[PDB]
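Engineer: sharing an experimental structure here, sequence included.
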2 protein chains.
Amino acid sequence: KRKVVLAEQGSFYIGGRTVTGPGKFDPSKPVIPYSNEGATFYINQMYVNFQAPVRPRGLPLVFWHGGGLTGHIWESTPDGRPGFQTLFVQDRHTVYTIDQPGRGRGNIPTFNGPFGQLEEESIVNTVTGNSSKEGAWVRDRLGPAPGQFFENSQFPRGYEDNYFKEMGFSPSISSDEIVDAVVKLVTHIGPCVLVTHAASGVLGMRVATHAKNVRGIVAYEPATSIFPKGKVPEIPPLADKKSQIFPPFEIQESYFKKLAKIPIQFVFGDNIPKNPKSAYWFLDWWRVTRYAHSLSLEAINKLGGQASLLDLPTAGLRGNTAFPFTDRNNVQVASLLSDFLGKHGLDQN
Amino acid sequence: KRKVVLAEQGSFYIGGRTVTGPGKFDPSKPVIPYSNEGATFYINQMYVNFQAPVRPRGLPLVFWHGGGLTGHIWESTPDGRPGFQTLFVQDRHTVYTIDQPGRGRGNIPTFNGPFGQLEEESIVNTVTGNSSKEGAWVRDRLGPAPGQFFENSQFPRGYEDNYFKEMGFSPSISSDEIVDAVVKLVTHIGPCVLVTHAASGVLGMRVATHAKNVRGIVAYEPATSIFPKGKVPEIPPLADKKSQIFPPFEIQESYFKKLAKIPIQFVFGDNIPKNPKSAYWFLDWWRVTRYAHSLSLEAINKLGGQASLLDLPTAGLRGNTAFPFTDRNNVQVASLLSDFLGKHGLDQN
Ligand SMILES: CCOc1nc(NC)nc(NC(=O)NS(=O)(=O)c2ccccc2C(=O)OC)n1
Ligand SMILES: CCOc1nc(NC)nc(NC(=O)NS(=O)(=O)c2ccccc2C(=O)OC)n1
């Protein structure tokens, strides 16, 4: 069902700061080409979209895209099926979707001069990085190599171009400033639930430690593990005996303990190997990253928490990629998210 | 005023091309940091959002943001009132809103290396340009100088931070490729109406000459005038005796003549001076730019066209900025757009 009844919808900007150019602005002088003279620039602000149903129940959901992505991934699948935005408005939740600072409708901080440079100050780096189609194919576990699908894949085959077109670079905005923008949104919204993805997994955990309004977290395929400072457990290298997973983020235990106060679920798709896989770097990377997360969740539970790991194949769902919420079985994935919300009273007023 | 009922909503990517790096991709080697080796990159694609009401009447509308903007400006005003997207879904049109290539959820073409550079190929320039708050203030005619408002302004005063946060830079993607993406969208949609703004004014005129599915154009404060090649009229320099308006775009007459086959309306807000204003560069720029547009429309009409210029003050609306569709009286501005659609039957099936 594609029908949606909205009590209200819209979008707004929140967060960010300003930086200023030298000198002063004279309205008599030519304004184009643009100049940094007398300039105030708003930087690192975030775009926020909301849709509210009639008669909402439970807490609003904040959907937070993964690395190099935008709120598009919650709007629609690459083959044009409804995304989680529609599904959960239909499930009677108010739904927020964001484009974080540096992505999509969020701000890209650049000026008049080499990319990211304001006179002598580097606001973000001029040198960018960006995944290729090939890198994203194996990162997202469509298959073991570009152009090849796992036999069981839930990916919407035939819509590869549409899928990869949604991805792009991120400028070097500090993670602190990205977290700051979402903390400010959570302050504005009130009690809510964060639903994160890959790169935004660790960022959402950080937000919750700064914002008691976060009443629950569901993280799809989180990319970076988090631990109390000085208590990172032994994590093996990858099967190539050369590479490591992403260095785990370390926070003061007084902040880490806040994660034990809310229900947290990490969700993983399929085709993560059980055993070392030296021929396929990202598959092996996901094996060790998932392992590190299991230990992170265990640490939260030793502090009295309620942190769980859901492998979708254990729930009867086979073949999901690293984007289970846009896969062909996304309605079933959504049902499992509704189950988590219902278990924890997050779908009741 | 806020309730909206959608038969369906969603988003998708369209247009663009691919560029490739050197070499071959090896899935056994570390995928992060990302590399251009063996890489395929999707570049210059466009993001498209659609909202369809139940039982649409008349043609779909394609809202095309101005320079440095995104589809946000059609979603909500800076103070959170409904934008034209909501207003015209309520008016029973299917509504498309785009983020053009290079803006918002559209692609920003950059790779692993200095911004915009793929090995030895410069896809877009590493040196960017971007407006300041101060430049945008006078560009958009909030007032004659930053901090000042014209009397009777319809700007949503107090929401300056929200407003300027929606603006940003555009990489040097060729205008040809931006036009190409929207031609592809118009082919996909079928007969439609383009609603353009400032920088997308001339781009929408170009699309219409390439796409018979464009059945009408309403252009809010277009920034560049368009003429048949070799027949640009005499246009005076600005009052500073030094500057000129944007060089008018010239197209072959065979293509220009296609503009005479559809209704076209240019819409201007308030406070464009009638006489030279040497003290206020952008006010004088708008005076001469609007004059050039009056000549462009007269050229369309001499070829048998249906082109008109609507000054909102002549319709009884005073104080509009260069973004009349997000001003305080935007409902009244919308009513005038509904009037144009009804006059030409573009609101009937
Ligand atoms: C410690 C990080 O260091 C680092 N350095 C560089 N270059 C120096 N690049 C990166 N890139 C990413 O993290 N990519 S990623 O896209 O966010 C991602 C990665 C893994 C798994 C998933 C994702 C993801 O979100 O899939 C949607 N990371
Ligand atoms: C032939 C132009 O050459 C040129 N050169 C440079 N730098 C060398 N910069 C520009 N910038 C713009 O055109 N800005 S603009 O934002 O699109 C714009 C302008 C005027 C009026 C309105 C707008 C606008 O859309 O307001 C939302 N133009």
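Structural biologist: Now that the structure is in, tell me what you want to look at. Numbering: from 1, shown residues only, chains lettered A, B, ... in the order given. Ligands and ions are numbered 1, 2, ... in the order given.

Engineer: residue A:121 is in contact with residue A:111, correct?
Structural biologist: No. Counting by Cβ atoms under 8 Å, residue A:121 is not a contact partner of residue A:111; they are 9.5 Å apart. The way it works is simple: take the backbone N, C-alpha and C, and place the C-beta from them, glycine included.

Engineer: residue A:341: what secondary structure?
Structural biologist: Using DSSP: H, G, I helix; E, B strand; the rest coil as the criterion, the local structure at residue A:341 reads helix.

Engineer: count of neighbours near the closest residue to it other than its chain neighbours?
Structural biologist: The shortest distance from residue A:341 to any residue that is not its chain neighbour, by Cβ to Cβ, 6 or more residues apart in numbering or on different chains, is 4.6 Å, and that residue is residue A:347. The number of residues packed near residue A:347 is 20, by other Cβ atoms under 10 Å in any protein chain shown.

Engineer: residue A:111 and residue A:121: which is more packed in?
Structural biologist: More neighbours surround residue A:111 than the other of residue A:111 and residue A:121, with 27 against 9 (other Cβ under 10 Å).

Engineer: looking at chain A, which strand is longest?
Structural biologist: When every strand of chain A is counted residue by residue (DSSP state E), the longest turns out to be strand A:4-14.

Engineer: tell me what it is packed against?
Structural biologist: Contacts defined by 3 or more Cβ pairs under 8 Å, 6 or more residues apart in numbering or on different chains; DSSP states H and E place strand A:4-14 against strand A:46-53, helix A:84-90, helix A:175-189, strand B:4-14, helix B:72-75, helix B:160-165.

Engineer: quick one: contacts of it?
Structural biologist: The contact list for strand A:4-14 (Cβ atoms under 8 Å, 6 or more residues apart in numbering or on different chains) reads A:45-54, A:56, A:86, A:89-90, A:105, A:181, A:184-185, A:188, B:2-6, B:8-9, B:72, B:75-76, B:80, B:82-83, B:86, B:161-162, B:165-166.

Engineer: and the stretch 1-150 of chain A, which residues reach ligand 2?
Structural biologist: For the stretch 1-150 of chain A, the residues found near ligand 2 under the criterion Cβ under 6 Å from any ligand atom are A:32, A:33, A:34.

Engineer: drop anything exposed from those residues.
Structural biologist: Burial by neighbour count, 16 or more other Cβ atoms under 10 Å in any protein chain shown: within those this picks out residue A:34.

Engineer: a markdown table for the residues of the stretch 1-150 of chain A next to ligand 2, including secondary structure?
Structural biologist: Below are these laid out as a markdown table (three-state DSSP):
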| residue | secondary structure |
| --- | --- |
| A:32 | coil |
| A:33 | coil |
| A:34 | coil |
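
Engineer: format the residues of the stretch 1-150 of chain A next to ligand 2 as JSON lines; extra columns: distance to residue A:303.
Structural biologist: Formatted as JSON lines, the entries for these read as follows, by distance: Cβ to Cβ, whole Å:
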{"residue": "A:32", "distance to residue A:303": "57"}
{"residue": "A:33", "distance to residue A:303": "56"}
{"residue": "A:34", "distance to residue A:303": "52"}
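
Engineer: burial count for residue A:14?
Structural biologist: By other Cβ under 10 Å, neighbour count at residue A:14 equals 19.

Engineer: report the beta-bridge partners for it.
Structural biologist: With DSSP bridges applied, residue A:14 shows beta-bridge pairing to residue A:46.

Engineer: circling back to that earlier point, ok, now which ones touch the residue nearest to residue A:341?
Structural biologist: Residue A:347 is in contact with A:57, A:58, A:59, A:91, A:92, A:93, A:338, A:341, counting by Cβ under 8 Å, 6+ apart.

Engineer: dump the residues you listed to JSON lines, plus secondary structure.
Structural biologist: Putting those into JSON lines (three-state DSSP) gives the following:
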{"residue": "A:57", "secondary structure": "coil"}
{"residue": "A:58", "secondary structure": "coil"}
{"residue": "A:59", "secondary structure": "coil"}
{"residue": "A:91", "secondary structure": "coil"}
{"residue": "A:92", "secondary structure": "coil"}
{"residue": "A:93", "secondary structure": "coil"}
{"residue": "A:338", "secondary structure": "helix"}
{"residue": "A:341", "secondary structure": "helix"}
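
Engineer: tell me the one of the residues of the stretch 1-150 of chain A next to ligand 2 nearest residue B:272?
Structural biologist: Of all these, the one sitting nearest residue B:272 is residue A:32; the distance, using Cβ to Cβ, is 16.8 Å.

Engineer: which residues sit in contact with the closest one?
Structural biologist: Neighbouring residues of residue A:32 by Cβ under 8 Å, 6+ apart: residue B:135.

Engineer: could you do the one 10 residues further on as well?
Structural biologist: By Cβ under 8 Å, 6+ apart, the contact set of residue A:42 is A:16, A:17, A:18, A:107, B:133, B:161, B:164, B:165, B:167.

Engineer: and the residues you listed, which two are furthest apart?
Structural biologist: Pairwise distances across these peak at 15.5 Å for A:17 and B:167 (criterion: Cβ to Cβ).

Engineer: ok, residues contacting stretch A:266-275?
Structural biologist: In contact with stretch A:266-275 (Cβ under 8 Å, 6+ apart) are residues A:141, A:150, A:152, A:154, A:201, A:218-222, A:280, A:283-284, A:286-287, A:290, A:293, A:297, A:307-313, A:317-322, A:324, A:327, A:333, A:336.

Engineer: the stretch 201-349 of chain A: strands as residue ranges?
Structural biologist: Using DSSP state E, counting those that start in this stretch, the strands of the stretch 201-349 of chain A run over residues A:214-220, A:226-228, A:249-251, A:263-268, A:306-311.

Engineer: would you turn those into CSV with mean neighbour count and distance to residue B:213?
Structural biologist: Rendered in CSV, the data for those read as follows (neighbours: other Cβ atoms under 10 Å in any protein chain shown; distance: least, Cβ to Cβ, whole Å):
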stretch, mean neighbour count, distance to residue B:213
strand A:214-220, 24, 39
strand A:226-228, 21, 51
strand A:249-251, 17, 51
strand A:263-268, 23, 43
strand A:306-311, 17, 47
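
Engineer: now render those as CSV, adding distance to residue B:99.
Structural biologist: Putting the strands of the stretch 201-349 of chain A into CSV (distance: least, Cβ to Cβ, whole Å) gives the following:
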stretch, distance to residue B:99
strand A:214-220, 24
strand A:226-228, 33
strand A:249-251, 32
strand A:263-268, 29
strand A:306-311, 34
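
Engineer: tell me which of those strands lies nearest to residue B:231.
Structural biologist: Ranking the strands of the stretch 201-349 of chain A by distance to residue B:231, with Cβ to Cβ as the measure, places strand A:214-220 first at 58.1 Å.

Engineer: ok, the residue in the stretch 51-200 of chain A positioned nearest to ligand 1 - contacts?
Structural biologist: Per Cβ to the nearest ligand atom, the residue of the stretch 51-200 of chain A with the smallest distance to ligand 1 is residue A:67, at 2.1 Å. Contacts for residue A:67 (Cβ under 8 Å, 6+ apart) come out as A:170, A:198, A:199, A:200, A:223.

Engineer: at 6 Å what do you get?
Structural biologist: Under the criterion of Cβ atoms under 6 Å, 6 or more residues apart in numbering or on different chains, the contact partners of residue A:67 comprise A:198, A:199.
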